[PDB]
file upload-v2.tsv (TSV, C-alpha atoms and all ligand atoms)
chain	number	residue	atom	x	y	z
S	3	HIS	CA	0.00	0.00	0.00
S	4	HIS	CA	2.60	2.55	-1.36
S	5	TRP	CA	1.89	6.26	-2.10
S	6	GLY	CA	0.67	7.40	-5.47
S	7	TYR	CA	-2.14	9.38	-7.14
S	8	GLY	CA	-5.05	6.83	-7.05
S	9	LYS	CA	-8.38	7.02	-5.13
S	10	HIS	CA	-6.83	5.12	-2.16
S	11	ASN	CA	-3.14	6.31	-1.99
S	12	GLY	CA	-3.33	9.92	-3.35
S	13	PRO	CA	-2.11	13.21	-1.87
S	14	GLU	CA	-4.79	13.39	0.90
S	15	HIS	CA	-3.30	10.04	2.25
S	16	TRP	CA	0.39	10.98	2.20
S	17	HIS	CA	0.47	12.60	5.74
S	18	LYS	CA	-0.05	9.14	7.33
S	19	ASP	CA	3.41	7.92	6.15
S	20	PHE	CA	4.98	11.42	5.73
S	21	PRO	CA	3.66	13.78	8.43
S	22	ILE	CA	5.67	16.74	6.98
S	23	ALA	CA	2.86	16.68	4.36
S	24	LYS	CA	1.12	19.15	6.74
S	25	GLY	CA	4.31	21.16	7.42
S	26	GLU	CA	5.04	24.94	7.29
S	27	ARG	CA	6.73	25.09	3.80
S	28	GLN	CA	4.92	22.54	1.55
S	29	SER	CA	4.66	22.74	-2.23
S	30	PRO	CA	3.11	23.36	-4.59
S	31	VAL	CA	1.16	26.62	-3.84
S	32	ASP	CA	-1.21	28.97	-5.65
S	33	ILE	CA	0.66	32.02	-6.90
S	34	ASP	CA	-1.57	35.02	-6.30
S	35	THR	CA	-0.16	37.43	-8.85
S	36	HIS	CA	-1.63	40.56	-7.12
S	37	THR	CA	0.00	39.60	-3.70
S	38	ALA	CA	3.50	38.53	-5.00
S	39	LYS	CA	5.91	41.46	-4.39
S	40	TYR	CA	8.49	42.61	-6.98
S	41	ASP	CA	11.89	42.21	-5.26
S	42	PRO	CA	14.34	44.57	-7.02
S	43	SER	CA	17.21	42.82	-5.08
S	44	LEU	CA	16.61	39.47	-6.91
S	45	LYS	CA	19.37	38.85	-9.47
S	46	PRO	CA	18.78	37.71	-13.01
S	47	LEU	CA	18.64	33.86	-13.17
S	48	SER	CA	21.68	32.19	-14.86
S	49	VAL	CA	20.62	28.92	-16.58
S	50	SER	CA	23.87	27.38	-17.93
S	51	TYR	CA	22.84	24.22	-19.92
S	52	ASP	CA	25.20	24.32	-22.97
S	53	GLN	CA	27.46	21.48	-21.50
S	54	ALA	CA	24.46	19.38	-20.19
S	55	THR	CA	25.05	15.60	-20.55
S	56	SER	CA	21.68	13.72	-20.57
S	57	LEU	CA	22.10	9.92	-19.99
S	58	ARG	CA	18.83	8.05	-19.55
S	59	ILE	CA	15.07	8.25	-19.32
S	60	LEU	CA	13.26	6.21	-16.61
S	61	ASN	CA	9.59	5.47	-15.92
S	62	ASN	CA	9.64	5.35	-12.07
S	63	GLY	CA	5.91	4.48	-11.70
S	64	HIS	CA	4.96	8.16	-10.90
S	65	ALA	CA	6.47	10.15	-13.83
S	66	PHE	CA	9.40	9.79	-16.14
S	67	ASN	CA	12.80	11.27	-15.26
S	68	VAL	CA	15.34	12.42	-17.86
S	69	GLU	CA	18.56	11.97	-15.89
S	70	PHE	CA	21.82	13.95	-16.37
S	71	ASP	CA	25.51	13.42	-15.49
S	72	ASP	CA	25.80	15.56	-12.27
S	73	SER	CA	29.33	14.20	-11.34
S	74	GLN	CA	30.72	17.67	-12.48
S	75	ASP	CA	29.45	21.31	-13.02
S	76	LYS	CA	28.14	20.66	-16.59
S	77	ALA	CA	24.53	22.03	-16.42
S	78	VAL	CA	24.01	24.55	-13.57
S	79	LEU	CA	21.50	27.06	-12.19
S	80	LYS	CA	22.87	30.17	-10.39
S	81	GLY	CA	21.68	33.71	-9.60
S	82	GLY	CA	18.10	34.84	-9.01
S	83	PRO	CA	17.35	34.06	-5.35
S	84	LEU	CA	20.18	31.46	-5.13
S	85	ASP	CA	23.54	31.62	-3.27
S	86	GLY	CA	26.14	29.32	-4.92
S	87	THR	CA	25.87	26.70	-7.69
S	88	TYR	CA	23.09	24.12	-8.26
S	89	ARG	CA	23.79	21.12	-10.54
S	90	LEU	CA	21.02	19.75	-12.85
S	91	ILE	CA	20.31	16.08	-11.87
S	92	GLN	CA	17.02	15.35	-13.74
S	93	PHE	CA	13.85	16.81	-15.15
S	94	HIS	CA	10.32	15.44	-15.18
S	95	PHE	CA	6.71	16.53	-15.69
S	96	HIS	CA	3.36	16.42	-13.94
S	97	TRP	CA	0.29	16.33	-16.18
S	98	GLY	CA	-3.45	15.78	-16.32
S	99	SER	CA	-6.07	13.46	-17.81
S	100	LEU	CA	-7.45	16.56	-19.68
S	101	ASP	CA	-5.96	19.91	-20.67
S	102	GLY	CA	-7.76	21.81	-17.84
S	103	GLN	CA	-5.57	20.26	-15.09
S	104	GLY	CA	-2.06	18.83	-14.61
S	105	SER	CA	0.10	21.61	-13.16
S	106	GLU	CA	1.09	21.56	-9.47
S	107	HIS	CA	1.56	25.30	-9.03
S	108	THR	CA	-1.42	27.41	-10.06
S	109	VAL	CA	-1.55	31.09	-11.04
S	110	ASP	CA	-4.56	32.97	-9.57
S	111	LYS	CA	-6.05	29.42	-9.24
S	112	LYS	CA	-5.49	28.68	-12.98
S	113	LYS	CA	-4.32	25.11	-13.64
S	114	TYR	CA	-2.06	24.50	-16.65
S	115	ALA	CA	-2.12	21.24	-18.69
S	116	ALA	CA	1.28	20.23	-17.26
S	117	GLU	CA	4.34	21.41	-15.34
S	118	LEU	CA	8.05	20.76	-16.04
S	119	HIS	CA	10.46	20.49	-13.07
S	120	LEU	CA	14.19	20.89	-13.68
S	121	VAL	CA	15.73	19.64	-10.45
S	122	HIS	CA	19.10	20.96	-9.23
S	123	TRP	CA	21.15	20.32	-6.10
S	124	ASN	CA	23.40	22.71	-4.15
S	125	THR	CA	27.03	21.60	-4.82
S	127	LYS	CA	28.05	22.89	-1.22
S	128	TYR	CA	26.42	19.62	0.10
S	129	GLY	CA	28.42	17.24	-2.17
S	130	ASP	CA	25.56	14.89	-3.23
S	131	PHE	CA	21.79	14.95	-3.78
S	132	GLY	CA	21.04	12.74	-0.74
S	133	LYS	CA	22.83	15.23	1.57
S	134	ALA	CA	21.32	18.27	-0.20
S	135	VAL	CA	17.67	17.14	0.43
S	136	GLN	CA	18.39	17.27	4.25
S	137	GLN	CA	19.12	21.08	3.99
S	138	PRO	CA	16.70	24.02	3.73
S	139	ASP	CA	18.63	25.36	0.76
S	140	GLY	CA	19.59	21.98	-0.76
S	141	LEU	CA	17.57	22.04	-4.00
S	142	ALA	CA	16.47	24.56	-6.59
S	143	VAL	CA	13.61	23.50	-8.87
S	144	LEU	CA	12.89	25.48	-11.99
S	145	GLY	CA	9.19	25.09	-12.77
S	146	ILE	CA	7.77	25.74	-16.24
S	147	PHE	CA	4.08	25.64	-17.15
S	148	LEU	CA	2.83	23.80	-20.27
S	149	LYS	CA	-0.24	24.98	-22.19
S	150	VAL	CA	-1.70	23.12	-25.20
S	151	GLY	CA	-1.40	24.87	-28.60
S	152	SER	CA	1.57	24.78	-31.01
S	153	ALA	CA	4.06	21.84	-30.80
S	154	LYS	CA	7.25	22.39	-28.78
S	155	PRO	CA	9.98	21.17	-31.17
S	156	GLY	CA	12.52	20.65	-28.32
S	157	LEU	CA	10.09	18.25	-26.57
S	158	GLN	CA	9.54	15.83	-29.50
S	159	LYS	CA	12.67	13.64	-28.79
S	160	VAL	CA	11.18	13.06	-25.31
S	161	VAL	CA	7.71	12.25	-26.76
S	162	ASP	CA	9.17	9.79	-29.33
S	163	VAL	CA	11.01	7.62	-26.66
S	164	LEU	CA	7.95	7.23	-24.33
S	165	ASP	CA	6.69	4.10	-26.26
S	166	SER	CA	9.97	2.42	-25.11
S	167	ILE	CA	9.38	3.17	-21.35
S	168	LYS	CA	5.63	2.56	-21.17
S	169	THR	CA	5.66	0.78	-17.79
S	170	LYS	CA	7.18	1.23	-14.30
S	171	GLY	CA	10.90	0.33	-14.09
S	172	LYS	CA	11.60	0.62	-17.83
S	173	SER	CA	14.47	2.86	-18.97
S	174	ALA	CA	16.09	3.82	-22.24
S	175	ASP	CA	19.35	5.47	-23.31
S	176	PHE	CA	18.68	9.23	-23.66
S	177	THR	CA	22.00	10.85	-24.59
S	178	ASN	CA	22.59	14.22	-26.32
S	179	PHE	CA	19.24	15.76	-25.26
S	180	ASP	CA	19.47	19.58	-24.92
S	181	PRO	CA	17.17	20.95	-22.18
S	182	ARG	CA	17.57	24.53	-23.49
S	183	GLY	CA	14.90	23.41	-26.02
S	184	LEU	CA	12.28	23.29	-23.21
S	185	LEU	CA	12.71	26.93	-22.00
S	186	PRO	CA	10.39	29.82	-22.80
S	187	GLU	CA	11.76	33.08	-24.20
S	188	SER	CA	11.50	35.06	-20.89
S	189	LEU	CA	13.20	33.98	-17.58
S	190	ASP	CA	10.82	36.24	-15.50
S	191	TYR	CA	9.96	34.23	-12.37
S	192	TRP	CA	8.28	33.92	-9.01
S	193	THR	CA	10.24	32.42	-6.12
S	194	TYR	CA	9.36	31.05	-2.69
S	195	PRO	CA	10.71	28.50	-0.17
S	196	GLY	CA	9.03	25.09	-0.38
S	197	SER	CA	9.31	21.37	-0.64
S	198	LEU	CA	9.48	18.29	-2.81
S	199	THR	CA	5.90	17.78	-4.17
S	200	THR	CA	6.30	13.95	-3.86
S	201	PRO	CA	7.12	11.86	-0.79
S	202	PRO	CA	9.29	12.27	1.16
S	203	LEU	CA	7.99	15.94	0.81
S	204	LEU	CA	11.26	17.31	2.28
S	205	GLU	CA	11.34	21.08	2.96
S	206	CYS	CA	14.61	21.58	0.97
S	207	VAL	CA	13.51	23.49	-2.20
S	208	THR	CA	13.94	27.03	-3.45
S	209	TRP	CA	11.11	27.17	-6.01
S	210	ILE	CA	11.70	29.30	-9.15
S	211	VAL	CA	8.52	29.26	-11.27
S	212	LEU	CA	8.69	30.92	-14.69
S	213	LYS	CA	5.88	33.30	-15.58
S	214	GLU	CA	5.86	32.41	-19.30
S	215	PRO	CA	4.45	28.98	-20.15
S	216	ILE	CA	5.73	26.86	-23.05
S	217	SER	CA	3.28	25.63	-25.73
S	218	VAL	CA	3.08	21.89	-26.52
S	219	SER	CA	0.74	20.19	-29.03
S	220	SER	CA	-2.36	18.13	-28.14
S	221	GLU	CA	-0.52	15.16	-29.79
S	222	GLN	CA	2.59	15.70	-27.54
S	223	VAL	CA	0.60	15.66	-24.27
S	224	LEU	CA	-1.57	12.75	-25.55
S	225	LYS	CA	1.67	10.69	-25.71
S	226	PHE	CA	2.38	11.56	-22.00
S	227	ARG	CA	-1.12	10.21	-21.17
S	228	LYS	CA	-0.39	6.80	-22.84
S	229	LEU	CA	2.31	6.01	-20.24
S	230	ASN	CA	1.50	3.55	-17.45
S	231	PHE	CA	1.82	3.74	-13.61
S	232	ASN	CA	1.79	-0.10	-13.58
S	233	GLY	CA	4.60	-2.54	-14.38
S	234	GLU	CA	4.78	-4.70	-17.51
S	235	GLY	CA	2.07	-7.36	-17.74
S	236	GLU	CA	-0.05	-5.73	-14.93
S	237	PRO	CA	-3.55	-4.25	-15.41
S	238	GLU	CA	-3.17	-0.99	-17.27
S	239	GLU	CA	-3.43	2.21	-15.19
S	240	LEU	CA	-2.81	5.23	-17.40
S	241	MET	CA	-0.12	7.64	-16.01
S	242	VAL	CA	-2.34	10.75	-15.72
S	243	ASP	CA	-3.10	13.29	-12.95
S	244	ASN	CA	0.32	12.75	-11.27
S	245	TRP	CA	0.06	16.25	-9.67
S	246	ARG	CA	-0.21	17.26	-6.01
S	247	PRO	CA	-2.74	20.13	-5.47
S	248	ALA	CA	-1.86	23.52	-3.98
S	249	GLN	CA	-0.85	23.53	-0.30
S	250	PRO	CA	-1.34	26.28	2.28
S	251	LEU	CA	1.06	29.19	1.85
S	252	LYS	CA	1.28	29.72	5.68
S	253	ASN	CA	4.03	32.21	6.74
S	254	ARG	CA	5.56	32.62	3.23
S	255	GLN	CA	6.00	35.45	0.72
S	256	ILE	CA	6.11	34.79	-3.00
S	257	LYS	CA	8.54	37.23	-4.66
S	258	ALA	CA	8.49	38.36	-8.34
S	259	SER	CA	11.64	39.04	-10.39
S	260	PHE	CA	9.67	41.44	-12.67
S	261	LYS	CA	7.71	44.74	-12.15
S	301	LIG	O1	8.23	17.20	-7.89
S	301	LIG	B1	9.55	17.43	-7.37
S	301	LIG	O2	9.54	18.43	-6.34
S	301	LIG	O3	9.95	18.46	-8.10
S	301	LIG	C1	11.32	18.61	-8.35
S	301	LIG	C2	12.15	18.11	-7.18
S	301	LIG	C3	11.96	16.63	-7.06
S	301	LIG	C4	12.96	15.67	-6.89
S	301	LIG	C5	12.64	14.33	-6.78
S	301	LIG	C6	11.32	13.94	-6.87
S	301	LIG	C7	10.32	14.88	-7.07
S	301	LIG	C8	10.60	16.25	-7.16
S	302	ZN	ZN	7.95	17.48	-9.84

call {"tool": "encode", "arguments": {"input": "upload-v2.tsv", "output": "structure tokens"}}
result
Amino acid sequence: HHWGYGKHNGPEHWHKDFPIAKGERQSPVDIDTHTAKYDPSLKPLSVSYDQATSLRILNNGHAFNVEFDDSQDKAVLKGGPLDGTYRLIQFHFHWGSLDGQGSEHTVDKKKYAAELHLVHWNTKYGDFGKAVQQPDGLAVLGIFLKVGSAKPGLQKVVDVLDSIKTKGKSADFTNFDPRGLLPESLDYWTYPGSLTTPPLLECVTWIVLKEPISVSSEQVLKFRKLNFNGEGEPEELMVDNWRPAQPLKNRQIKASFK
């Protein structure tokens, strides 16, 4: 009886095994655009992905992770609200059964079709496992997906999904360039939060881009053909793998833009 997103093991259950589910800095949150304060002291964000080394794509039973070589400072996030250097370790998505839901963060209560998370760890803590035990251990760049025009830079991801349909399947995924998933503008909101999946550790600086990327109906339809289940098991489509908005509590969402 493991956690997931079903009727019986979904987000409203998670607090029984992971009591920090009801903690003081949980994610995701609703971003109230009228209440977020422009912080003129925030630096521009530095996304340095030109030497990124992608390795592999894994269906882990909840999402799929595109994993990177994080054994050196190849793909890093710096600046904005961050002190020091954060190494890219993986990216994944959360998405819906239909285009009107899927994102984890919301914007004035608006749900996007999906949400990309580029996960980075603070190199002062030496490894990811140590970083997630620190309040400043991770920085997650969040990017909304809306359905409209195809995203060309996403199609190599879409075309490998058939090969990792079920939980535990992986495929080689070298030479993928994550710059192809970014919007034009790096304008962002930032707040202190958590992992949105168990163990729901309170170790994340959230940086959520204002500008969504466009993906095609066909691209997101291929996400929705993935399975939560293992090979040979009854099919459970991998949809609605999103945690809803959590109470903001004693937190301020800051804007990088006026
Ligand atoms: O959804 B989640 O918070 O977003 C990126 C950070 C991370 C890392 C491992 C598993 C899940 C997540
Ligand atoms: Zn995520």

call {"tool": "closest_residue", "arguments": {"input": "upload-v2.tsv", "among": "S:113, S:213, S:96, S:4", "to": "ligand ZN 302 (chain S)", "atoms": "all atoms listed in the file"}}
result
S:96

call {"tool": "residues_near_ligand", "arguments": {"input": "upload-v2.tsv", "ligand": "ligand LIG 301 (chain S)", "cutoff": "8 Å", "atoms": "only C-alpha atoms and all ligand atoms", "output": "PyMOL selection string"}}
result
chain S and resi 29+92-96+119-122+141-144+197-201+203+207

call {"tool": "residues_around", "arguments": {"input": "upload-v2.tsv", "residues": "residue S:260", "least_positions_apart": "6", "cutoff": "12 Å", "atoms": "only C-alpha atoms", "output": "PyMOL selection string"}}
result
chain S and resi 35+38-47+82+188-193+212-214

call {"tool": "write_last_selection", "arguments": {"input": "upload-v2.tsv", "atoms": "C-alpha atoms", "output": "short mmCIF file (atom, residue, chain, number, x, y, z; two decimals), in the coordinates of the input"}}
result
data_model
loop_
_atom_site.label_atom_id
_atom_site.label_comp_id
_atom_site.auth_asym_id
_atom_site.auth_seq_id
_atom_site.Cartn_x
_atom_site.Cartn_y
_atom_site.Cartn_z
CA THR S 35 -0.16 37.43 -8.85
CA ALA S 38 3.50 38.53 -5.00
CA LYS S 39 5.91 41.46 -4.39
CA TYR S 40 8.49 42.61 -6.98
CA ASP S 41 11.89 42.21 -5.26
CA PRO S 42 14.34 44.57 -7.02
CA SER S 43 17.21 42.82 -5.08
CA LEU S 44 16.61 39.47 -6.91
CA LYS S 45 19.37 38.85 -9.47
CA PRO S 46 18.78 37.71 -13.01
CA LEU S 47 18.64 33.86 -13.17
CA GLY S 82 18.10 34.84 -9.01
CA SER S 188 11.50 35.06 -20.89
CA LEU S 189 13.20 33.98 -17.58
CA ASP S 190 10.82 36.24 -15.50
CA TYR S 191 9.96 34.23 -12.37
CA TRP S 192 8.28 33.92 -9.01
CA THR S 193 10.24 32.42 -6.12
CA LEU S 212 8.69 30.92 -14.69
CA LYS S 213 5.88 33.30 -15.58
CA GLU S 214 5.86 32.41 -19.30
#

call {"tool": "closest_residue", "arguments": {"input": "upload-v2.tsv", "among": "S:53, S:124, S:67, S:208", "to": "residue S:160", "atoms": "only C-alpha atoms"}}
result
S:67

call {"tool": "closest_residue", "arguments": {"input": "upload-v2.tsv", "among": "S:104, S:171, S:247, S:129", "to": "residue S:32", "atoms": "only C-alpha atoms"}}
result
S:247

call {"tool": "closest_residue", "arguments": {"input": "upload-v2.tsv", "among": "S:206, S:116, S:23, S:68", "to": "residue S:222", "atoms": "all atoms listed in the file"}}
result
S:116

call {"tool": "closest_residue", "arguments": {"input": "upload-v2.tsv", "among": "S:166, S:108, S:152, S:217", "to": "residue S:33", "atoms": "all atoms listed in the file"}}
result
S:108

call {"tool": "residues_around", "arguments": {"input": "upload-v2.tsv", "residues": "residue S:173", "least_positions_apart": "3", "cutoff": "7 Å", "atoms": "all atoms listed in the file", "output": "PyMOL selection string"}}
result
chain S and resi 58-61+167

call {"tool": "write_last_selection", "arguments": {"input": "upload-v2.tsv", "atoms": "C-alpha atoms", "output": "mmCIF file, in the coordinates of the input"}}
result
data_model
loop_
_atom_site.group_PDB
_atom_site.id
_atom_site.type_symbol
_atom_site.label_atom_id
_atom_site.label_comp_id
_atom_site.auth_asym_id
_atom_site.auth_seq_id
_atom_site.Cartn_x
_atom_site.Cartn_y
_atom_site.Cartn_z
ATOM 1 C CA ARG S 58 18.830 8.050 -19.550
ATOM 2 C CA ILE S 59 15.070 8.250 -19.320
ATOM 3 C CA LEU S 60 13.260 6.210 -16.610
ATOM 4 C CA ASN S 61 9.590 5.470 -15.920
ATOM 5 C CA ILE S 167 9.380 3.170 -21.350
#

call {"tool": "closest_residue", "arguments": {"input": "upload-v2.tsv", "among": "S:233, S:30, S:140, S:181", "to": "ligand ZN 302 (chain S)", "atoms": "all atoms listed in the file"}}
result
S:30

call {"tool": "build_atoms", "arguments": {"input": "upload-v2.tsv", "residues": "stretch 193-212 of chain S", "atoms": "N, CA and C atoms", "output": "CSV table (one decimal), keeping the file's coordinate frame"}}
result
chain,number,residue,atom,x,y,z
S,193,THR,N,9.4,33.3,-6.9
S,193,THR,CA,10.2,32.4,-6.1
S,193,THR,C,9.6,32.4,-4.7
S,194,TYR,N,9.8,31.2,-4.1
S,194,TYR,CA,9.4,31.0,-2.7
S,194,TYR,C,10.1,29.8,-2.2
S,195,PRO,N,10.1,29.7,-0.8
S,195,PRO,CA,10.7,28.5,-0.2
S,195,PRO,C,9.7,27.4,0.0
S,196,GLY,N,10.0,26.2,-0.4
S,196,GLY,CA,9.0,25.1,-0.4
S,196,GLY,C,9.7,23.7,-0.2
S,197,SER,N,9.0,22.8,-0.8
S,197,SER,CA,9.3,21.4,-0.6
S,197,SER,C,9.4,20.6,-1.9
S,198,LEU,N,9.8,19.3,-1.8
S,198,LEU,CA,9.5,18.3,-2.8
S,198,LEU,C,8.0,18.2,-2.9
S,199,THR,N,7.4,17.9,-4.0
S,199,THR,CA,5.9,17.8,-4.2
S,199,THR,C,5.5,16.3,-4.1
S,200,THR,N,6.5,15.4,-4.0
S,200,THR,CA,6.3,14.0,-3.9
S,200,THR,C,6.9,13.5,-2.6
S,201,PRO,N,6.4,12.5,-1.9
S,201,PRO,CA,7.1,11.9,-0.8
S,201,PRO,C,8.6,11.7,-1.2
S,202,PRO,N,9.5,12.0,-0.3
S,202,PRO,CA,9.3,12.3,1.2
S,202,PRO,C,8.9,13.7,1.6
S,203,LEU,N,8.6,14.6,0.6
S,203,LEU,CA,8.0,15.9,0.8
S,203,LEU,C,8.9,16.8,1.7
S,204,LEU,N,10.2,16.6,1.5
S,204,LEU,CA,11.3,17.3,2.3
S,204,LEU,C,11.2,18.8,2.0
S,205,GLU,N,11.4,19.6,3.0
S,205,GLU,CA,11.3,21.1,3.0
S,205,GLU,C,12.7,21.6,2.6
S,206,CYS,N,13.2,21.3,1.4
S,206,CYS,CA,14.6,21.6,1.0
S,206,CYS,C,14.6,22.4,-0.3
S,207,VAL,N,13.5,22.9,-0.8
S,207,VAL,CA,13.5,23.5,-2.2
S,207,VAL,C,13.4,25.0,-2.1
S,208,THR,N,14.2,25.7,-3.0
S,208,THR,CA,13.9,27.0,-3.4
S,208,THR,C,13.2,26.8,-4.8
S,209,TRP,N,12.0,27.3,-4.8
S,209,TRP,CA,11.1,27.2,-6.0
S,209,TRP,C,11.4,28.4,-6.9
S,210,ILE,N,11.6,28.2,-8.2
S,210,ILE,CA,11.7,29.3,-9.2
S,210,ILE,C,10.7,28.9,-10.3
S,211,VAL,N,9.6,29.6,-10.3
S,211,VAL,CA,8.5,29.3,-11.3
S,211,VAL,C,8.5,30.4,-12.3
S,212,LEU,N,8.7,29.9,-13.6
S,212,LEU,CA,8.7,30.9,-14.7
S,212,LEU,C,7.3,31.4,-15.0
